[PDB]
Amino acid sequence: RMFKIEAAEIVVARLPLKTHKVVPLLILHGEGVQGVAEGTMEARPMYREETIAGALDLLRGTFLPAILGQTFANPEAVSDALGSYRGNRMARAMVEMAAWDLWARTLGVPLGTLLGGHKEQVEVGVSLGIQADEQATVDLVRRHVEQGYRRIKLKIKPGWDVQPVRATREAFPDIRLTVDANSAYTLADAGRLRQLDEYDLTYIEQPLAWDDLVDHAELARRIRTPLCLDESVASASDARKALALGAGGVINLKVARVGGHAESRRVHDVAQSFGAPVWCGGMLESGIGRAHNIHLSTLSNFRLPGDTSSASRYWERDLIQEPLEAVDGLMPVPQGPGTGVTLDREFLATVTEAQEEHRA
C-alpha cells in the first residue's frame, strides 16, 4: 500500500578520496524505513548545468515542502508532484531515487527487481586518462585487461587520439575498446576522427558539443565509428530524438542526469526499441550512488559494460557498510531490500560538513 513521507535529511559529506569530494545525500523517512540517494551535481557547473547551491536550495525550498506529509502510491507519484518545475534533473533525481529506495524497502524487495532487472552481477569497464605516450597507454591497458575488465575506455583529445588507439589495438586486436572524446572536437575534425574507423572502436563518446544532437548526426554520416551520447540525452524524448536523428548508436545512461530511475528505464526502453544499447555511466559516486547504478544496470538493455567499478578504487573508506568490489570485471548486485546498502552513520558523521532535517 501507500507510503507517507514523514521526514527528510540533507547531509553534505566531504569524503576523502584515494582529494576530497563533496557528496550531497538526501534521506527520506517513512513507514519505518528510509530511502537514500546521492546528488551528482558539483559545486560549479562543469559536467553539466546544475550546482550544489542551486540543487540544495531547490530541495529545501520547493521539492521537500511539496512531498513532506504527503502519501504516495509509488515513486512515479512522488515525481509527478514536482512536475511543474523545469530542468534541474539531478536535483529531481535525489528525491525520485530516494523515493525508489524507500518504496522498495516498504515492500522488502531489491530495487533492480522492481525496475524489471534479473541479473545477479553486472559487467564493468575501466576508464583511462591521457598517458604520456603510446607505450604507457598500452602498459596501463594491459594491466586492466589482466584484471578482467570487459571494456577499455581511453580519454582522447585533439593531438592525442589515433596514436593511443592505434597502439592499443595493435597490442589487443580483440578487446572491446572505446574512447571518450570529451566534447573536445569540431566538425573540422571529421577526417581525423575517421582515421579511428580502422581500429574498430565500439563507440566514440560525445565528441562535439555537450548539448548537441544535430551536429553529432552530421558527424555520424562522415565517419563509420559509432557515436555514443552522454550529456545530450537528459530524457526519454531526448533519447528518441538522438536515435531517430542518427546522432548516435549508443547511450551512456547516467541515472541522475535523466531525473532518476523511472526516466532511466524509459531511456533504456526507448533505446531498446531502436535496437541500440545503453551502458551505465559513472559520476565518482559514493556507495549510495554506486549501488543505485548497479541496480539500474541489471536491466536487459545494459548490454555494454558500465562505470560501476570497485569502490576501493575511489575511496579510502566509503560511506556505506557494504563493500562494492568487482571481481574479474563483474560487480555483484548488493543483497537486501532497495539498494541493498546501508549508511555507516558513525563514519558519515566524521566527514559531515553540514546536515539538516525537514518535516511537514
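Residues carry their position along the shown sequence, with the first being 1.
Going from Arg345 to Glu346, the model skips none of the deposited residues; the chain is continuous there.
Between 27-35 and 287-295, the higher mean Cα B-factor belongs to 27-35. Per the PDB record, of the two stretches 305-313 and 61-69, 61-69 carries the greater mean B-factor over its C-alpha atoms. Across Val122, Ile130, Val141, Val267, the greatest Cα temperature factor reported in the deposited entry is at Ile130. Which of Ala136, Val165, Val126, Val278 has the largest Cα B-factor in the deposited entry comes down to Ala136. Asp80 sits in the highest third of its chain by CA B factor, as recorded in the PDB entry. When the CA B factors of the chain's modelled residues are split into thirds, the value for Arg169 lands in the middle one. In this PDB entry, the Cα temperature factor of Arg92 sits in the middle third of its chain's modelled residues. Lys157: CA B factor lies in the highest third for its chain, per the PDB record. Per the deposited record, the Cα B-factor of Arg151 falls in the lowest third when ranked against the other modelled residues of its chain.
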